[PDB]
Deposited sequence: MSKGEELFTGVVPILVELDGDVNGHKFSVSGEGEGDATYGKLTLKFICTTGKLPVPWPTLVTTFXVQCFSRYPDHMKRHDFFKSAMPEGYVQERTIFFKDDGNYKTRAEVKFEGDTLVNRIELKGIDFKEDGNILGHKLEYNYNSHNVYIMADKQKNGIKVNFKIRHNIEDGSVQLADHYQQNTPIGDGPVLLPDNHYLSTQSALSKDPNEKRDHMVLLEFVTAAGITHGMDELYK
C-alpha cells in the first residue's frame, strides 16, 4: 500500500480538539505514540482550558484507526493506512440516549513525521442534569466491535457502533455512533469488504499531573475476515 510503509515503526501522535458543549467551550491537547505493528496506542490528553465540562470517557472515540493492526491476510482491507499520508476526514454524530448529541469533524493526516488528529466538536441538547453534564459516568471503558463497511459512492467507508458507558449507579449510558470517512486527497484508497475492529481500552491518571487529564491505552485489531 501507499501508506503501509509509514506505519512500520513507532509513530508520534498529536491530537488537537476544540469543542463547545451547550455553550461550554473547551480545548484539549494530546500527545502519544502509535505502533500499528501491535495495534497499540498510548496517549495523554490535557484540558487546556482548565476543567473538562464533559466526562473524559465520552471523548475517547473522538480523540486514529490507522493504528489498528491488520493481520497479513486482511491488509487489502485497510482503508485507513491506504489514505496516508494525505489523510482522511472523519465525521461523526454521536447520540447519547435520552440526552444530547455530539457532532464532530476531524482531519487525520501526517504533518511531517507526526500523525495529526485535528478535531472540531459541537454538542447540543444536553441535559444540564443528565449523565454527561452531571458527570455521572464512571472513569472506565469497555471493549467494543467497530463495524466497517465500504462507501462506493463516496469512495470512503461507513462505520456504526454503540458504546456502553457505565454509570455510577450500576446503570448504562448508551452512545450511538454514526461515522463516515473520506480521503482527503485525490489519490486512490483501498475500499474494504465488511469487517470489524476489535478495540480494547484502558483509562488511567498520571499521579504527577495536576491538570485535568486522561491517560489512554488501547489495542486495536482487525477481524471478521
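Judged by missing C-alpha atoms, the gaps in the deposited chain sequence fall at residues 1, 65, 228 to 236, listed in sequence order.
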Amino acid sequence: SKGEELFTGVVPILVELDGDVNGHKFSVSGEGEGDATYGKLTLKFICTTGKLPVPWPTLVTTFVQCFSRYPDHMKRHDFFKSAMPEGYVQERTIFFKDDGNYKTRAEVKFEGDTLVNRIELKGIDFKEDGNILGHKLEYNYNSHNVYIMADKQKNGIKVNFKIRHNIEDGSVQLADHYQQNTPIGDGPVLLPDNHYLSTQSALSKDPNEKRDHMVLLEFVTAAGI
From here on, numbers count along this sequence of modelled residues.
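Taking the PDB entry as given, 153 to 161 carries the higher mean Cα B factor of the two stretches 153 to 161 and 52 to 60. Taking the mean C-alpha B-factor of each stretch as recorded, 31 to 39 and 185 to 193 are not equal, and the higher mean is that of 185 to 193. Among all modelled residues in its chain, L174 ranks in the middle third by Cα B-factor. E128: CA B factor lies in the highest third for its chain, per the PDB record.
Per-chain ranking of the deposited C-alpha B factor places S201 in the lowest third.
The deposited CA B-factor of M74 belongs to the highest third of values across its chain.
Ranked against the other modelled residues of its chain, the C-alpha B-factor of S82 as given in the entry falls in the lowest third.
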